[PDB]
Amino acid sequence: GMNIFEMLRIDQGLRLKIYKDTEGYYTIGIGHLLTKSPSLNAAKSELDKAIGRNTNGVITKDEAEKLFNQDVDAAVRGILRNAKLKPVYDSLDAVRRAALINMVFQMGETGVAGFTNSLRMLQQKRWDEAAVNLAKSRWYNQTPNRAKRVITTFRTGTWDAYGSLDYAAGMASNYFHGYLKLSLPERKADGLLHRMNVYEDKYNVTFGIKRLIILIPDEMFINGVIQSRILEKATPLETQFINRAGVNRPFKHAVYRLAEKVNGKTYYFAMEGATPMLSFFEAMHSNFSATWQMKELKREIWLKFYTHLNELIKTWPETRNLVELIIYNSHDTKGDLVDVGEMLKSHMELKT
């Protein structure tokens, strides 16, 4: 069932409606650039030329797959034209070739050609050595979860890194694809930034941070909810998602008011706990005292959820600047509970 389209769908993401890439450029599908023109009509005309119909900026999955496979064909020709990449590419099997193409999509041909030793190890079928060598790279440090899947593909020659996610990774994936990615990105008269502006103007208020703050504490909240000495709960912010079937569903994001002024101003914050992580913490509760195994497991899933979720948010241009992920110890050095209201107040004082 797996193939290079499904691979990049997982690693880079699939969009069936025009979106803006990291440079603001109109894009569709799996990263297929349409135009550098600022005109959405110009982008729609380039799309229509490429798909062969009036799409109005929306395409199907089969259309996106066809476009993507055209982009793979072009990447492969570039690889075969590149004296540093053709020999290793020729030597690899079809699955390992997909891994190399995956790197070329992420970092470009000249970036992949910088991995001279790793590529030689691959060409010599030294899979484990190449994998260790690749793990030491800045690529791995900046996108470790994608790099690990690609490295596993080089190491094994199988698609197995693209099968079912482990529990923490799958929790992050569902939380992003099923929730954050649907609620927050810009779209006609909706998404986080627009609805925050509507909210500010309806109540005559100002958000101190124009992002959704997501709290990933150590442990479930003391009473299972955010609490602070200096935050009061406000009316929630809403976005709307009209799915393919035409059903309008809301997303509600909690809003808090900072009860202590900061240079004369009251500030509001859209902020929530990372629900699937807190549900996991709740489920891990035992009526018996926790074992060291359970404490270790809680910490591992906490950290793995964060790294997967952080990477997804930051590598989708549409969400990168819309979320403030905060992972933190529930308690400071002196064993005192952290008050997120005071955290927010300090941050606003440093900002203003």
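Note that residue numbering follows the sequence shown and begins at 1.
| message | Quick check on the record: does 291-299 or 317-325 carry the larger mean Cα temperature factor? | response | Stretch with the greater average CA B-factor: 291-299.
| request: Quick one: say whether 176-184 or 263-271 has the higher mean Cα B-factor in the deposited entry. | output: For C-alpha atoms only, the mean B-factor is higher in 263-271.
| request: Going by the CA temperature factor in the entry, name the top one among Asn248, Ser91, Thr156, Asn117. | output: Going by the entry's C-alpha B-factors, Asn248 comes out highest.
| Which third of the chain does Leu14 land in by C-alpha B-factor: lowest, middle or highest? | Its C-alpha B-factor belongs to the middle third of this chain's values.
| Assigned third (lowest, middle, highest) for the C-alpha B factor of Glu282 | For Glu282, whose C-alpha B-factor we compare with every modelled residue in the chain, the answer is the middle third.
| said: By the recorded C-alpha temperature factor, relative to the other modelled residues in its chain, which third is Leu134 in? | reply: Lowest third - that is where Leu134 ends up once the chain's C-alpha B-factors are sorted.
| Cα B factor band for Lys36 (lowest, middle or highest third within the chain) | For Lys36, whose C-alpha B-factor we compare with every modelled residue in the chain, the answer is the highest third.
| request: Would you please rank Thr60 by its C-alpha temperature factor against the other modelled residues of its chain and give the third it falls in: lowest, middle or highest? | output: It belongs to the middle third of the chain when residues are ordered by C-alpha B-factor.
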